[PDB]
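As structure tokens, the structure follows; a few thoughts come after it.
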Amino acid sequence: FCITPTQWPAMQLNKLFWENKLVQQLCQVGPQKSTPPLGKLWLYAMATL
Amino acid sequence: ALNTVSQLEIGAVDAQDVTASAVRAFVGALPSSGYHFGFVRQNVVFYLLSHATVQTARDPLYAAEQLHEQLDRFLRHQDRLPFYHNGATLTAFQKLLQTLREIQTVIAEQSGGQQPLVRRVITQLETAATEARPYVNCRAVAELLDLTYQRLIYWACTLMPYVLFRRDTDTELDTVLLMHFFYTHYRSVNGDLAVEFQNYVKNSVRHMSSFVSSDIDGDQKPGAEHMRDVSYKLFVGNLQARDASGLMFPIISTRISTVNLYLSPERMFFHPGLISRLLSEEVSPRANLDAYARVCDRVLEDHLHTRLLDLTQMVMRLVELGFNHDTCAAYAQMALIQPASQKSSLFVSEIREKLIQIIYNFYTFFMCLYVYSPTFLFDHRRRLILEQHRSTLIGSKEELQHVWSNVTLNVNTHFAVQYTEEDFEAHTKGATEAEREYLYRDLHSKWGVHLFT
Amino acid sequence: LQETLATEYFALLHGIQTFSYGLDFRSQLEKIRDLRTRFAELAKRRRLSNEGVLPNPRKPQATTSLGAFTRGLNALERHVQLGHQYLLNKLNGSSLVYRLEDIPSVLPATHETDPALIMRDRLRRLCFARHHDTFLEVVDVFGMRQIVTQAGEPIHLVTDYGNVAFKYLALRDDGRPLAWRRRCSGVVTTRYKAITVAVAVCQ
Amino acid sequence: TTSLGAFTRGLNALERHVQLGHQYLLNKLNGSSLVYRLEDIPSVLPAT
Amino acid sequence: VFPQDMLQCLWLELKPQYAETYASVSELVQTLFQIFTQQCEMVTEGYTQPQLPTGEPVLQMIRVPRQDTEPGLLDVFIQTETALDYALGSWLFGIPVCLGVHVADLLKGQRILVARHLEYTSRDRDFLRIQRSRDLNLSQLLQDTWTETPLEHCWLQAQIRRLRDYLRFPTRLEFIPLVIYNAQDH
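Respectively, the protein sequence lines represent chains F, C, D, Y and R.
Quick note: the first sequence uses the authors' numbering, first residue 1804, plus one each step.
Residues 26 to 103, 111 to 144, 173 to 366, 372 to 518, numbered by the authors' numbering, are exactly what the second sequence covers, in order.
Residues 1448 to 1493, 1496 to 1635, 1641 to 1657, numbered by the authors' numbering, are exactly what the third sequence covers, in order.
Quick note: the fourth sequence uses the authors' numbering, first residue 1512, plus one each step.
Residues 1853 to 1920, 1930 to 2047, numbered by the authors' numbering, are exactly what the fifth sequence covers, in order.
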């Protein structure tokens, strides 16, 4: 099929998947402040287990 | 002993806790000779019930029946006054318990023409209360009657029919608004209202577009903020729908020119937008507001020109006009919110003062009705109620001191708790000079006034 | 006599808690002063004390001394007086409103008390501008969990957001940021693209 | 032969343990809006 | 107040350089709230005295340490003036404004090139449309944010009334503002 870029707006689906507040707070625990949020890995761990 | 029994008068006791052996010990340990000990030798059961409470148990019938059985045992264990005797006290209390059972039976039966059934059953309940009326002094019967009246009035205010709303002069907007108010104040059993709404919206498709704005300008208009919900679940075709999505629909035109040609002035209270714009004093000077001016004047004149059946009659007369307690309170809030100084015509100012009178009077009437009972406790709480009302509704405004008379006059007219000096004389026809003083003291402690000497 | 006046005291406590008296600070002051005089008269008929645990409105107790009642009276006086002082200071500091009388009194007709909200608004109000540095937690005369500094000024009265929209957008932080934007389910002007191209070429 | 100062130190240790646990729970409820009240929080049994 | 589509269009059309790391003005707002909350630190501690001198039973005492550099994000947003700031201010307060990009300096600064970027006045239809599209409803915030605070509730109602009254009737300055801003970083 085909999609018109102008008509279709762009969301930030991360805000529902891993950029939401609760998962970020759950994954904030890390050795140092330089570590990025671990919700990306947290969803991986949940899906695997 | 006198101080203890006076504190007992001031306080209250539990029906379950008191037993026949407890009453026997209380009588026996009490000194034999005294100007109150004779009465407790004569009318211990009535005197004990004068201060007892059952409201804590939340089940009046069973706890009061247990108290009645314990008192029956004490009366088996046990000529001054035929009108008031311990055996007569037990008989009257058993009659009252029969009334308290049949009120619940009526509520269950009626809640599952319905109007004649409601009228006849409430008349039976009124007759039952009249049978139980004379011994209003007792705190136990006081709370029993209080809870009974609370339940019956709360059920009756909701079980209103919809026959009186329809008029030949009612327009499409007026009819949908009437049934909308019916939905938002009565949905317990009347489930066919949504079906009738869905049937009717297809009839008035052409007429529904006459009283709406464009999209872009309707939202900024005053008063659409409060009527957005009624408009949304008018347009969607289902009164059960919720406007959680924040959609923008064809906003209703609240202008007087559109309203007069598309509405009727008598049924305005169902429409919130006109109330909001009238209180806000944002009305254009050219606007012709004689319609609601005359309607407000005639309604206030009829209400001010004015039994439990009569109370109920006025109840469904007032709410038939769409006056709901929550709606009246919420649309009396902005009367205080709106500024006192603004530019408006003298007729607009006069009708605003009239509507302030109306909102205050009906709000006070409705909240007193929610706590209404022909008992001393009603006036006892009404004293604090009027103090709080003076604190909040009247405020420090000087112009609001004129509008005070109608509120108190109407509330004391419709919710008067009657007590007769002849009633007390009959209650104390056989009571000697020794015993009358403490019945008087208990009555003064309960009611809070020096009614007679 | 004492029990009836105690019930009146608890009713006044509930009315202040439910905001049944509105902005009429003078009425509340007169009522609490009359109640204090009545309790003093009760003590004289029956010595006042400034020590003792506060009476419990949820569980009335006949073992409460008159000193506890006097302490509760002075606590109510302090509450209403500090509130009126905060209104006076905010009226002086803000020129948007004209007079206190023009400010209305809201009714408890719109009542909704979630413990989660009741705790979250207070915890977010903690680090706002308050007169004293440190902080503590107590149980108020009304019987609920009120939080105050060592001065005793209520946090909801000593700390404010300064804007309705600030508070609304601060307590809306639940899960995903925007909900109505998702609910609505919904690219540059060509002139801006042209001016960008022209400015880049010129530079 | 344990001294009274040892018992005072033990009292301080228990007090700090309970206060530290309570403040950590308070911080966890503060940082996480998932739980609204300590009452809803379950208590496990030491049977296992 | 403004619709989210128009806000997205303005955000994409004039992306601030320091704000280009994000995708919306709103995201900036929640991140600023997050950093403000992160500045606040709460610590709970015990107290020897169980009650105050007044006598209220004290359970625990809480202290707020604010101990600790690169400039802060909220700061750099504060002292940096952007076309976003003036555009949003003009649209919110119902006043026009003229935004233009400074190309360069010519004739030893005697003449300055100001390219026609956009103009706001009562004439062009877009300004009128965006001014009338403002939804001055804020009582829904009061309904959605009831926290047993009736005193603050009345204060917020009065403040909303005053601000809406001011916004409906802006002060006019003969429609002659002008702003000069850079294009590389807005």
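Each residue gets a CB set at the ideal place from its N, CA and C atoms; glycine is no exception.
- Query: Buried or exposed: F:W1811, going by 16 or more other Cβ atoms within 10 Å of its Cβ?
  - Reply: exposed
- Item | D:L1627 (DSSP reduced to helix, strand or coil) | coil
- Please specify which runs of the alpha helix (DSSP H), each continuous and at least 4 residues long, are wholly inside the segment 415-503 of chain C, giving them in chain order. 441-454, 469-479, 486-492
- Within chain R, partners of D:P1626 - CB distance below 8 Å: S1878, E1879, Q1882
- Message: At a CB distance below 8 Å, what residues from the segment 1534-1561 of chain D approach chain C? Give them in sequence order.
- Response: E1550, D1551, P1553, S1554, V1555, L1556, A1558, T1559
- For D:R1569, which of helix, strand or coil comes out of DSSP? helix
- Message: Give me the chain Y residues within the contact set of R:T1896, using Cβ-Cβ distance strictly less than 7 Å, ordered along the chain.
- Response: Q1534, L1537
- Task: Compute the distance between the beta-carbons of residue 1637 of chain D and D:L1497, then report whether it is under 7 Å.
- Result: Here residue 1637 of chain D is not present, the numbering of chain D passing from 1635 to 1641 in one jump.
- Task: Please classify C:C356: does DSSP put it in a helix, a strand, or coil?
- Result: helix
- For a contact meaning CB atoms closer than 9 Å, what does C:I402 contact in chain R? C2015, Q2018, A2019, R2022
- Item | Beta-carbon gap between R:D2046 and R:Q1869 smaller than 7 Å | yes
- Query: Thinking C-alpha only, which one of D:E1477, D:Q1449, D:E1450, D:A1453 is nearest C:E452?
  - Reply: D:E1477
- Message: Please list the terminal residues of the continuous beta strand (DSSP E) segment that includes R:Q1912.
- Response: 1912-1915
- Task: Kindly provide the ranges of any alpha helix (DSSP H) runs that are 4 or more residues long and lie completely inside the segment 1998-2041 of chain R, ordered along the chain.
- Result: 2000-2005, 2011-2029
- Item | Residues, ordered as in the chain, of the segment 1821-1838 of chain F that lie near chain Y by beta-carbon distance below 7 Å | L1825, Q1828
- So C:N197 packs on C:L508, CB below 8 Å; how close in whole Å? 6 Å
- Query: Taking the DSSP output, what are the residues bridged to R:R1977?
  - Reply: R:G1961
- Task: Report buried or exposed for R:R1990, applying the criterion of at least 16 other Cβ atoms within 10 angstroms of its Cβ.
- Result: exposed
- Query: Using the rule of at least 16 other Cβ atoms within 10 Å of the residue's Cβ for burial, across every protein chain shown, is Y:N1523 buried or exposed?
  - Reply: exposed
- Message: Need the endpoints of the alpha helix (DSSP H) that C:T244 sits in, please.
- Response: 232-245
- Any contact of the segment 2005-2017 of chain R with the segment 1603-1613 of chain D, i.e. 3+ C-beta pairs under 8 Å? yes
- Query: Does any C-beta atom of chain C lie closer than 7 Å to the C-beta of R:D1996?
  - Reply: yes
- Message: Looking only at its chain, what residues have a beta carbon closer than 7 Å to the beta carbon of C:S410, apart from the 5 residues adjacent to it on each side?
- Response: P345
- Query: Below 7 Å between beta carbons: does that hold for C:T231 and C:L323?
  - Reply: yes
- Message: What does the Cβ neighbour count give for C:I424, buried or exposed, with the cut at 16 atoms within 10 Å?
- Response: buried
- Query: Would DSSP call R:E1893 helix, strand or coil?
  - Reply: coil
- Let me know if R:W1863 comes out buried or exposed under the rule of 16 or more other beta-carbons within 10 Å of its beta-carbon. buried
- Query: Using the beta-carbon count (16 or more within 10 Å), is Y:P1553 buried or exposed?
  - Reply: exposed
- Three or more beta-carbon pairs under 8 Å between the segment 1466-1485 of chain D and the segment 1525-1535 of chain D, yes or no? yes
- Message: Using a 10 Å radius around the Cβ and a threshold of 16 neighbouring Cβ atoms, would you call R:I1939 buried or exposed?
- Response: exposed
- Item | Backbone secondary structure at C:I276 - three-state DSSP | helix
- Any contact of the segment 459-468 of chain C with the segment 343-358 of chain C, i.e. 3+ C-beta pairs under 8 Å? no
- Item | C:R199 burial status per 10 Å Cβ neighbour count (16 or more: buried) | buried
- Message: Under DSSP, the beta strand (DSSP E) around D:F1584 begins and ends at which residues?
- Response: 1584-1586
- Query: For R:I1914 and chain D, any beta-carbon pair shorter than 7 Å?
  - Reply: yes
- Query: Roughly how many angstroms lie between the CA atoms of D:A1558 and C:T392, to the nearest whole one?
  - Reply: 10 Å
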